[PDB]
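Student:
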Amino acid sequence: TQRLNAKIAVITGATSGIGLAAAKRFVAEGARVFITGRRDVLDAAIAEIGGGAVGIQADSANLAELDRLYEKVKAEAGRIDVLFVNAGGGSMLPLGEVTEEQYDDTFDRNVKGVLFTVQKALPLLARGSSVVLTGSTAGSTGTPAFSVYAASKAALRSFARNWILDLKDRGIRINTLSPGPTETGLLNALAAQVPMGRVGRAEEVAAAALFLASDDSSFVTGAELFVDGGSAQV
Amino acid sequence: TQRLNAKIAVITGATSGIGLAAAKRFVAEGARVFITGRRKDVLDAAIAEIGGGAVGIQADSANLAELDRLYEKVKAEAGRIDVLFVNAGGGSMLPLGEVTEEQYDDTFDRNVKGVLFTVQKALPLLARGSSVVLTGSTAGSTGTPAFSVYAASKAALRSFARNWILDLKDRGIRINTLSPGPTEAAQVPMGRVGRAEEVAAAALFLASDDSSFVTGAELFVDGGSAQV
Amino acid sequence: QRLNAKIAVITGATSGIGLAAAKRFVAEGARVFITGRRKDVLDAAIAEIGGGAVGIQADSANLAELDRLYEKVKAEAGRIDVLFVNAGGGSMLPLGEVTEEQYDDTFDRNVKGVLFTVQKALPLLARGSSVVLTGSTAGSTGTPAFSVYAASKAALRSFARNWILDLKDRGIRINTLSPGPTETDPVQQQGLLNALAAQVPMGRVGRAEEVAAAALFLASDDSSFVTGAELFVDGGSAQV
Amino acid sequence: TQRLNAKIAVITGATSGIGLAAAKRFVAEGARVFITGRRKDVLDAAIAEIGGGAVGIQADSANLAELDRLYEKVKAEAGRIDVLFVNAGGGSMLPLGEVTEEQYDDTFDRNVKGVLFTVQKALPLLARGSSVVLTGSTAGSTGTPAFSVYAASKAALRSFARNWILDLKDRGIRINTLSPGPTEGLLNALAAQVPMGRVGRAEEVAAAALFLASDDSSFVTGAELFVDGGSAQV
């Protein structure tokens, strides 16, 4: 199966979890893969992925390093066909205990960083390209002590609705991929909420990312695809 | 690729449009396919066009007794169902003030009642790791002039996916709604209507193991139509 | 006196939310017409409501009885300012056990009956009138053994999105009011209400009066720029 | 006649438009009203226009220290808050490709960060049986060209209502989002999209705010009430 044959894929935050599972899958599907990470752990990830995957150290939030990331991609690949944006950002604090630090860190990574990651990619984004933004079931549900994270992910999903109108006739699709909790006591409690009776696997999220990245989803844009075992559907 | 290798697929309403495109794609992906259609001539033409050993049964998907005959045939010839694609559709346009009992009855009998019993009667055959795909519509979550009966039927349709996944706890049966927008323009963010093969490709995603943690969901294939 | 000199027609108002709405609407100055299927129950409801409220025997699963309802309203009031379509209900069966009767009887009341209740009201609905449809949190959530009822309430909500386009320039607003769990065999009932309350962010089920108060908002001029909407009165239950 | 009799209401951003209309309605309904504005002259003019013993405090929500001063004055003068209508906010229009850090920061600092801290800092004063109303927007759940920053901020805003009601379990505080659509060349363009065929009046939004503030909405929490003439409903 070579469902991403001759496609250039850039994946931010692909050093672990969903990003890493996606990098592995995209390489397996024939993509020329560029991944980013902040820290070494990137070199290990690149070895684990293999298949000619290249790593670029970049702080996805930091603006000047994004310029350097896209300069490298332009020089080495000349275009982007798949952009998969995974942002870290997130911790738990209830209202009454929320700090400026938590707000700033979460939104800088999950919202601001994402906006500029995509904006700076625009000149490289080819006709028939696909931008996949990692959301969360948190963005449309209620969870105790999770309001800052949840709000950041609500903001994230909104981007897909709106940017598809700014990029009219450019042939760039933009979609949100929204996982429930995955494997990567608490897990037993979370699994009880899920209709399917278990938490997701990073690889299952990666398979859904593949759908959105691939030409199979050619008439899917502005959407939010939940990969949640039913958790946010009931 | 062979994403539905050794799978048994049943597709209701597969003699034209999206249903037909899905049957073609499912066969291409290695599925053993059973299809239904109301009319013999279009069904024979469809079976010929699909190829790949596809089998056709002339059945009205909304008629409960004919559903019994479909599933008797599937049981005898295949023994199980791994993929059920319920592609019931149809409706017409009447504004409030002009809605007839006929329009209501025909639309709901086919789009809601027929679907419920199609799935209910399939249950004994649905294997562990099976996937049920229900054809919804962008109409089910939007407003359109003179479309209220159809829109309401498709809203009911989508609800089924949220609820049946709870009735079938631990059975390993996923249920998802596939909701196309306009298919083969100015309102669509992508600036065009969708192609049948594009809806079929999304159907394949939901039918396949790639969607193994997707259930109760509504996947829009609408060029952004119902997303803005 | 927020419904002073308004004619309100409420279907299914002999108990629970409908009754609570009838009482509130009368308190707010409305001339209230209610429907119910059982004459003795209907009469007792009218006695409870008071304030000149009038009862008419009718089932929405019956289009002929709707015709008679509106003949009566036309003759006695000549118009409708507020139409609260609350008549409906359902039962529990899981997939595998759903009967034709459960499907038909639920949809005949909750969907078909609602459409014709509103359609047959159209000639009487004044400029500036408000139609309130009783939905449910069930219409947008998943609940075991509830698929027929849930689908009926999803259909119901869709009507508000669509009819507001059909009724372009008619000055008729259409909104869905969607209650969560409300306190509307006795040992089992108490145990289930406790489990329902545990789900609710507010930690209790709603009172019928609270749903009636939200119905009043939608019926009143305060909601003059609210149409096509679904107002949840659920203590947060379908919001999380 | 008096649906907010002897209630303390604090409205941020109430010197024009919806906020001002809400201040007038709340006063007419018997509330003791405190309003907030950024410009002292405008604030004083608003107070004179409102009457009914309404009191004004100069405050910017992009400034956490000025929120502290606001609640210091409310505590000193009223000792509690029963209704908190967080209406302060704004935005501007830029398409993806042209979004600036300033547009992002300035929008989120008021519409998201400022809202979070406005509510958090009110918590000690919020009485049992109190109501918090957050001004959202139809933009928060729709797509609009050149509007992605504002839209995302209002998606985040609505998320707060889903989540904070869990943080504040048993506190007797309701939190709801009030989401206006078009409200009074460009107006006629907006009006033709509205099912009701016109933009909303500020007084109509204020009436819906009153519902959420009042005891009539006692079993409404975590919700989003659209006051949009059908705009985002179709």
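Those protein sequence lines, which keep their order, are chains A, B, C and D.
Counting in the working numbering, the first sequence runs from 35 upward without gaps.
Counting in the working numbering, the second sequence runs from 6 upward without gaps.
Counting in the working numbering, the third sequence runs from 3 upward without gaps.
Counting in the working numbering, the fourth sequence runs from 5 upward without gaps.
Backbone N, C-alpha and C fix where the C-beta goes; we use that ideal spot for every residue, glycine too.
Counting C-beta neighbours from all protein chains within 10 Å, is the total for D/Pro128 16 or more, i.e. buried, or is it exposed?
Tutor: Exposed, by the Cβ-count rule.
Student: Residues of the stretch 161-178 of chain B in Cβ contact with chain C at a cutoff of 9 Å, in chain order, please.
Tutor: The residues in question are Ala161, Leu162, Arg163, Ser164, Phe165, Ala166, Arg167, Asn168, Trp169, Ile170, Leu171, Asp172, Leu173 and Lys174.
Student: Put C/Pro181 into one of helix, strand or coil per three-state DSSP.
Tutor: Note: C/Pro181 maps to strand in three-state DSSP.
Student: Hey, would you say A/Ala242 sits closer than 8 Å to B/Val219, going by beta carbons?
Tutor: Contact flag set, yes.
Student: Report the option in B/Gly145, B/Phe165, B/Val104 and B/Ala151 whose CA atom is closest to the CA atom of C/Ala140.
Tutor: With distances taken between Cα atoms, C/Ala140 lies closest to B/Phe165.
Student: I'd like to know whether the C-beta of B/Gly148 is nearer than 8 Å to at least one C-beta of chain D.
Tutor: Cβ-Cβ to chain D under 8 Å: yes for B/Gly148.
Student: At a cut-off of 7 Å, is D/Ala69 close to the ligand FMN when judged by its beta-carbon and the heavy atoms of the ligand?
Tutor: Questions concerning the ligand FMN fall outside what the structure shown contains, since it holds no ligand whatsoever.
Student: Within 10 angstroms of its Cβ, does A/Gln36 collect 16 or more other Cβ (buried), or is it exposed?
Tutor: By the neighbour-count rule (16 or more Cβ atoms within 10 Å), A/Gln36 is not buried but exposed.
Student: Can we say the stretch 86-98 of chain D touches the stretch 11-26 of chain D, given the rule of at least three CB pairs closer than 8 Å?
Tutor: Judged by Cβ distances under 8 Å, the stretch 86-98 of chain D makes contact with the stretch 11-26 of chain D, as three or more pairs qualify.
Student: Is B/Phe210 helix, strand or coil when you go by DSSP?
Tutor: Helix.
Student: Indicate whether at least one CB of chain D lies closer than 8 Å to the CB of A/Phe180.
Tutor: It does: the Cβ of A/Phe180 has a partner Cβ on chain D nearer than 8 Å.
Student: Pick out the complete alpha helix (DSSP H) segments inside the stretch 42-114 of chain B, 4 residues or longer, and give them in chain order.
Tutor: You should have 45-55, 69-82 and 106-113.
Student: Assuming A/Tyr104 contacts A/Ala155 under a Cβ cut-off of 8 Å, what Cβ separation, rounded to an integer in Å, is found between them?
Tutor: Indeed, because the Cβ distance is near 6 Å, the residues count as touching under 8 Å.
Student: Cutting at 6 Å between CB atoms, please list the residues of its own chain near B/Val88, excluding the five before and the five after it.
Tutor: So the list reads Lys12, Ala14, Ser136 and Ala212, once near-sequence residues are dropped.
Student: If you follow the beta strand (DSSP E) that B/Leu139 is part of, which residue opens it and which one closes it?
Tutor: Here the beta strand (DSSP E) through B/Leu139 covers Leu131 to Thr140.
Student: What residues from chain C crowd round B/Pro185, counting only those whose CB sits closer than 9 Å?
Tutor: Correct list: empty, because the minimum Cβ distance to chain C is about 17 Å.
Student: Distance, Cα to Cα, A/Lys108 vs B/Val226?
Tutor: Distance between the alpha carbons of A/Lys108 and B/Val226: 32 Å.
Student: Would you check if the distance between the CB atom of B/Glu54 and the CB atom of B/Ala64 is smaller than 8 Å?
Tutor: Their beta carbons are not under 8 Å apart, which means B/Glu54 does not touch B/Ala64 by this criterion.
Student: Could you say which of C/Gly80, C/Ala79, C/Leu65 and C/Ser93 lies nearest to B/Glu106 if we only look at CA atoms?
Tutor: When each option's Cα is compared against that of B/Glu106, the closest is C/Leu65.
Student: By alpha-carbon positions, which one of A/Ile90, A/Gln267, A/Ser174 and A/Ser251 ends up nearest to B/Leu171?
Tutor: It is A/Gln267.
Student: Starting from the Cα of C/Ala200, find the closest Cα among C/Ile176, C/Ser226, C/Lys114 and C/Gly238 and give me that residue.
Tutor: Answer by Cα proximity: C/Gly238.
Student: In this structure, how does DSSP classify D/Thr142 when only helix, strand and coil are distinguished?
Tutor: Helix at D/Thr142.
Student: Name, please, each residue of chain A whose Cβ falls closer than 9 Å to the Cβ of D/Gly144.
Tutor: Residues of chain A passing the Cβ test: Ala188 and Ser192.
Student: Give every residue of the same chain whose Cβ lies closer than 6 Å to the Cβ of D/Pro184, excluding the five residues on either side of it in the sequence, and list them in chain order.
Tutor: Hits under 6 Å: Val209 and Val231.
Student: Could you check the C-alpha separation between A/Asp249 and C/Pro183 for me, to the nearest Å?
Tutor: Roughly 44 Å separates the two Cα atoms.
Student: With 16 as the cutoff for other CB atoms within 10 Å, does A/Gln136 come out buried or exposed?
Tutor: Classification for A/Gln136: buried.
Student: At the level of alpha carbons, what is the spacing between C/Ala79 and C/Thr16?
Tutor: Roughly 21 Å between the two C-alpha positions.
Student: Scan the stretch 228-247 of chain A for residues whose Cβ lies nearer than 8 Å to a Cβ of chain B and list them as they occur along the chain.
Tutor: Cβ contacts with chain B come from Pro229, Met230, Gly231, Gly234, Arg235, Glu238, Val239, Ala241, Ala242, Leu244 and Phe245.
Student: Looking at chain C, is there any beta carbon in it that lies within less than 8 Å of the beta carbon of residue 241 of chain D?
Tutor: Only positions 5 to 238 of chain D appear in the structure, and residue 241 of chain D is not among them; the question remains open.
Student: Examine chain C for any beta-carbon lying closer than 8 Å to the beta-carbon of D/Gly233, and answer yes or no.
Tutor: Chain C, which has a Cβ nearer than 8 Å to the Cβ of D/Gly233, makes this yes.
Student: Between the stretch 133-152 of chain A and chain D, which residues of the former have CB atoms less than 9 Å from a CB of the latter, in chain order?
Tutor: If the cut-off is 9 Å between Cβ atoms, the stretch 133-152 of chain A has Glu134, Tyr137, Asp138, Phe141, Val145, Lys146, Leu149, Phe150 and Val152 near chain D.
Student: Going by the CB atoms, is the gap between C/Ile36 and C/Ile19 shorter than 8 Å?
Tutor: Not in contact: C/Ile19 and C/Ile36 (Cβ atoms no closer than 8 Å).
Student: Using a beta-carbon distance below 8 Å, is C/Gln241 in contact with chain A?
Tutor: For C/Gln241, the answer is yes, since a Cβ of chain A falls inside 8 Å of its Cβ.
Student: Less than 8 Å between the beta carbons of A/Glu237 and A/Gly169, yes or no?
Tutor: No. Outside cutoff.
Student: Are the C-beta atoms of D/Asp72 and some chain F residue less than 8 Å apart?
Tutor: Looking at the structure shown, chain F is missing, and the protein chains on hand are A, B, C and D.
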